[PDB]
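Chemist: For reference, the structure I am asking about is given below.
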Amino acid sequence: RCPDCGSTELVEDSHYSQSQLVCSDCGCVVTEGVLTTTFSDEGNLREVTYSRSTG
Amino acid sequence: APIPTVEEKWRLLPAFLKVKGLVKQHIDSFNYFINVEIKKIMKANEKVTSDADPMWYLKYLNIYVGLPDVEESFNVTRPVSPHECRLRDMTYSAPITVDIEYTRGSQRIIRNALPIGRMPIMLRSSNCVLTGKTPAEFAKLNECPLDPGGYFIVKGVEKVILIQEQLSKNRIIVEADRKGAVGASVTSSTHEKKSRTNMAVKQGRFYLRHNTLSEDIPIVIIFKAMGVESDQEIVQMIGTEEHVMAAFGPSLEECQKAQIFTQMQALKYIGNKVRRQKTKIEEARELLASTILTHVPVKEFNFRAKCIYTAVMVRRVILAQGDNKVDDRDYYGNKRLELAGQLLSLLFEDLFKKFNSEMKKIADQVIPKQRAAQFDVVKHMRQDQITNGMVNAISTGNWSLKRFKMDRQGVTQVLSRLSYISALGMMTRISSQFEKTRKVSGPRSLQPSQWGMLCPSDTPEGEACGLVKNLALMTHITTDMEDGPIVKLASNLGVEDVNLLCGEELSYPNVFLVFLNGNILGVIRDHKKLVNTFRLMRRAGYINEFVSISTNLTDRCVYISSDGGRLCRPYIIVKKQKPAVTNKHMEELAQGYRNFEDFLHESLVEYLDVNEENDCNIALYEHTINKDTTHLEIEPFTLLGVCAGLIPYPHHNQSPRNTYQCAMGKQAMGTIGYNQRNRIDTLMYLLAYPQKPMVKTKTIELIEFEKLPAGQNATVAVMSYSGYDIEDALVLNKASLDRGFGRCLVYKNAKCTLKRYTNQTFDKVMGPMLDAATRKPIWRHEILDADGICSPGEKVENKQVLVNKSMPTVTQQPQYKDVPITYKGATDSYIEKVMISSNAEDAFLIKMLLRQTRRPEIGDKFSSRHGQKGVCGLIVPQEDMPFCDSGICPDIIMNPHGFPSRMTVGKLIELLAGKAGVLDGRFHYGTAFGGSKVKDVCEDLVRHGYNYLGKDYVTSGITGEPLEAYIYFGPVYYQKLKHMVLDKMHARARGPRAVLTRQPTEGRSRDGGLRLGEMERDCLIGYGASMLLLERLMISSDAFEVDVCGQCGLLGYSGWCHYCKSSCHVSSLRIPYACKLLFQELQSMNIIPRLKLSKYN
Amino acid sequence: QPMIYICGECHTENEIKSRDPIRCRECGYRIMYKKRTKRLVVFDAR
Amino acid sequence: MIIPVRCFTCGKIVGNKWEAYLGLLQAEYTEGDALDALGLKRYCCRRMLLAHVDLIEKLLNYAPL
Amino acid sequence: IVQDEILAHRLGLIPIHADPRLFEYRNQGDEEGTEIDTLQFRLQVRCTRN
Amino acid sequence: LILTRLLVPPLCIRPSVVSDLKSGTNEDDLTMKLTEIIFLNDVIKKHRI
Ligand SMILES: [Zn+2]
Ligand SMILES: [Zn+2]
Ligand SMILES: [Zn+2]
Ligand SMILES: [Zn+2]
């Protein structure tokens, strides 16, 4: 929601190669930047299932 | 009195292309694999049985591959076209079945049709549906008739198996070691084992080194162990020359130092030197008979042939220890080319052996304890094993054969669909065995042995320069023969048995050794008669035309090569200063009385190998024929490959220019085929108005490139204008680009899958989320249809969904979360088609073909078919372009300064020929080492009233005054490249970061930022800008604020130190996030960095 | 709502609903394209 | 794919003279005399008509229809 | 089979015999067009078997 | 210099990716090595008991 006015009309829109949350009423952002994994590590990481990781 | 010349001689080239040539190699190899080799592999493992419960067996009778089909239907096969396999993202394979007989309960049961696997079918093969079809039937199957084929289609992608190049097996190689010692090596490889044994002279004596021995042993001990015990016989076998005995003296002395004088003592010594895998004597004898020199066969423990072989090897080493006659590895006469056929044969053999082993294990596990219910193999004939093996080996490209210990990578590559020339050139590629292991520069160089076999100029510019090559226009790869009649003719031609005489005859100057695929065939005298008779018998037809025979007078060895993979080239036989081919034969060939096979049978044209042509004399032209001539070159321009054939007048240009031109033509933009509209690929570049070149080579007519051009002819004027073409740049006309010149189309693919999971739930597409305020879909869901799928014909903008995909989160009511396929793109795209298909897994595959129409602008890279790559510097209007007396304004203005440094006279010749052609309505030829001369085009120009040098009177368009110097106008065939400024333009905001290290990503498609490498840091250090470097590498990249405790020096969190359980000494500190990651990793490695903080003052 | 599609060889207008096996009458081809939209689209001659 | 309407260099209408040119190919006229009779004095239109490849019918052979 | 953008580009290159002096320049925007500064040409061709 | 305890690093060095497309995940090699080490410790304890 909006921290100042309290408007809950926050919309997800893609910027110029940037993701953030912004309200359409006052144009104020509440959370900018997103953390995503790289494919350089994706091929190195190994898979783990629930059954094998529970016993 | 000039020698008469056959003008129509070049007509021998197309006829050959009717039976062989560019793409026929892989097709014939795959046909031989699926028709002959597979049956031999099945016969080699026809019977498989288990040790337990004897009298049980599984006998294979005959294996069939059938026609390609698809298992989409429920337990029903259906003929499927390769285009349908491309669309449905499936494989184009045929069911491999086999008929067998087995024993269930000692009652023999026979099966006549039992499928066991699926073999991917190469296109245009014998069993492929595309062969034997007319262009109309190709249109009915949505396949281009001009498509070269020969590539596999797996999971919807087109993979091509490159021709592998390796060293010839079973051959002695004399080479220098790291310390300068000139030793020998032999890699004996049979159908079962491969072993490389070496011999060195490190201490004046010859030591033999093998992987199965603990320490290298003297050669004289091995001689004594192999039957021959007298030292005199050993010396006679080595050689009778004084220097030979002087060199072999130390070996005899070292042997006499020990007490080894009999075969038993030598065998005991070897067994003592034998590594673990009298018993030692038997193991030594077995290693000497089977493991060492596998290619040399012993009848019944008779090492006479092996003794002669090692004696000849020692003699060659002694002769090489003097004059530095060291053999070279880059000599292509000792190279072998493995096609896809041999690789697929080895892979199928390995897979069949694994399947038989698995079946035997299952039998041993099931039969002895299950029940009175008799076990049968049919209930365990796994059909997915071979299929999955083939699919993975073709798709991933990594081949791991444990039975042969072969670990190869990059065998299969994605077929490049940039243009027709791109695929046609990638189909005839050849990779090296080195694969960039070291910058040797030896094999990367251009060896003279590549004459007529591989294209000299065609090579990828970059790190792979010299390791990836292309075959010539007229070349052929030989196959394996039976080798029976060769041995029979050699024995009948007077070749005495090597076992009948001692090795002393090997030291005679007139006695020449005859070999056979590395095996000592025997000795002979007057080898000239032998070679002449063998060549005459091969020409007569009693011996296969691919069997090569060569003679080395330095080593005095007659090599007879009959193994496959050797490169051969056709040559016209010349006898007594006159070629056998006359004008009458060429007239009969043109009229259809005879074909190339008739030329082969009538002793007119014969195939020559590199080793064979090493001893023969070839003439380039008829006027070059002298008394000592044996063959005549068919056509010189056949030296170039497929890509290099596109170069008009390549003999007038520089070699780096030709290399760059081939590299850019492999990336040239143009039409792909007649089915380019129904084809849906991940990236396709098409030209709006493609035009065939005015100066076309004969190779272009041979490869039918004129039917599918990849460029346009524009009136280029070579001059300097406005200074916007300083370095390689070019100026384009605004009106030309406005009237359709250079207009291009980019087709991209967007694929989505709706698959069913383990639970009884499926991915479903929701309808467009209509806005209740306006009763219309939202801007994001505007292009969606009623079914939630975007409809063709509309325009797609950035941040717009194409398929409103929603997937369940469970795998009680299902909970669906939205994962729509959004369109990432700077510019708008138009939907041409939306294909919806259904696989056997009930997964709906939706493919949208987005289209973008792009106009040439500043930044687009253009080529001029001469390696003169350029970028559009300025787009001036039509009025600003200069005009001639006729009123023609140029479309492209190129810098003349690029001509002196590169010496591209071929471009000027092509321009003049094209101008003459467009004046007289003709197509001039830019054939290599020939073509239309300058005098002819000059006469054509002077006849039509134009200047005989291309330069015309031109008035400046800007000032309206005539120029002091004439401008060189003419039509040039310019081709646009795929390198666009729109796709290469990139800008990076703050954006996302990586989870491990909080830094921007790498690639542009991943929204990545630029990397200030080590060299950039070095430059910034040299400049001395400390604050700029700090802002770039710390503030703007991975800035973070950590909490460090001033007592223990460890890292805290939220102003608290868990180590000391206090927070009074904890202070904040700015730091790169990578540095904190390094500190944490070091603390994980027990290397604890203790930070002692202090005030900044 | 009647959703229409076009097969790959007979090119006949076939009406199928959601969660149906992609097929076509009087044939067995399994390539189903979507018809062009009826909405107005503006193009520039540049 | 198809014959362009305008010439790249000058801009003379040339799309209307394509099929007629094909007729001149169906007749006994060569390339040069046909391009002369069509009224193409400058060599740019001659190159436009001569170097053009007719690929529209090859694509229509693969059209849905 | 011809692309929509290529079709529009080909149609744009087609000259019109209309007298330009009797018309005026279209103002900025106004995609609807007025009687003075625009002309409409309808092209509807349906190909079928003979 | 002789280790008796192993310092397993935080999750910042060992990123975990939730691959919802299949029935699995993505964990780095350090997690697998630590899992194998703990498994070996448990096996040694079981053999001692
Ligand atoms: Zn606000
Ligand atoms: Zn502390
Ligand atoms: Zn149909
Ligand atoms: Zn023109």
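FYI, residue positions are counted from 1 along the chain as it appears here.
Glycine is no exception: its Cβ is also placed from the backbone N, Cα and C atoms.
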Chemist: Out of B:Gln667, B:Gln676, which one does Swiss-Prot list together with B:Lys169, B:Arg196, B:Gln413, B:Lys861, B:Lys869, B:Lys984 for RNA?
Modeler: B:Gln667
Chemist: Write down the single range among B:149-164, B:309-324, B:1029-1044, B:1045-1060 that appears in Swiss-Prot as zinc finger.
Modeler: B:1045-1060
Chemist: So of all those binding-site residues, B:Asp728, B:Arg1004, B:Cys1057, B:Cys1060, which one's Cα sits nearest to B:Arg196 (RNA binding site)?
Modeler: B:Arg1004
Chemist: Looking at the binding-site residues B:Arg178, B:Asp728, B:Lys861, whose Cα is closest in space to that of B:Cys1060 (Zn(2+) binding site)?
Modeler: B:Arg178
Chemist: Just checking, which of B:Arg178, B:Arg196, B:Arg1004, B:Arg1011 (binding-site residues) has the fewest C-beta atoms within 10 Å of its C-beta?
Modeler: B:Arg178
Chemist: Starting from the DNA template strand site formed by B:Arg1004, B:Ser1005, B:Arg1011, give every other residue of that chain whose CB sits within 8 Å of the mean position of their CB atoms, in sequence order.
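Modeler: Other same-chain residues with Cβ inside the cutoff are B:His986, B:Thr1001, B:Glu1002, B:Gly1003, B:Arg1006, B:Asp1007, B:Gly1008, B:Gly1009.
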Chemist: B:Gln413, B:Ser1005: which of these binding-site residues has the sparsest Cβ neighbourhood within 10 Å?
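Modeler: Counting other Cβ atoms within 10 Å of each of the binding-site residues B:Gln413, B:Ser1005 gives the minimum at B:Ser1005.
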Chemist: Give me the long-range Cβ neighbours of B:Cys1057 (Zn(2+) binding site): same chain, 6+ apart, Cβ under 8 Å, in sequence order.
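Modeler: Long-range Cβ contacts: B:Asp1043, B:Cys1045, B:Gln1047, B:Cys1048, B:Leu1050, B:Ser1063, B:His1065, B:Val1066.
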Chemist: When you measure from the Cβ of B:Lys869 (RNA binding site), how many other Cβ atoms are you left with inside 10 Å?
Modeler: 17
Chemist: Taking just the CA atoms, what is the gap between B:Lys984 (RNA binding site) and B:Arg1004 (DNA template strand binding site) in Å?
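Modeler: Distance between the two Cα atoms comes out at 9 Å.
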Chemist: Report the member of B:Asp407, B:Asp728 (the binding-site residues) whose C-beta atom has the most other C-beta atoms within 10 angstroms.
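Modeler: Result for the most crowded candidate: B:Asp728.
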Chemist: Select one residue from B:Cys1045, B:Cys1048, B:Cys1060: among these binding-site residues, choose the one with the most other Cβ atoms within 10 Å of its Cβ.
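Modeler: Within the set of binding-site residues, the most crowded position is B:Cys1045.
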Chemist: Which residue counts does DSSP give the zinc finger (B:1045-1060) for helix, strand and coil?
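Modeler: When I sort the residues of the zinc finger (B:1045-1060) into the three classes, I find 0 helix, 4 strand, 12 coil.
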Chemist: Near ligand 2, which of the binding-site residues B:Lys169, B:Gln413, B:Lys869, B:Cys1048, B:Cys1057, B:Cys1060 are found, taking a Cβ distance under 6 A to any of its atoms?
Modeler: B:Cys1048, B:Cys1057, B:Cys1060
Chemist: Compute the centroid of the Cβ atoms of B:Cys1045, B:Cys1048, B:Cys1057, B:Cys1060, then list the same-chain residues not in that set whose Cβ lies within 8 Å of it, in sequence order, for the Zn(2+) site.
Modeler: B:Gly1046, B:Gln1047, B:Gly1049, B:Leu1050, B:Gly1052, B:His1058, B:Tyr1059, B:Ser1062, B:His1065, B:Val1066
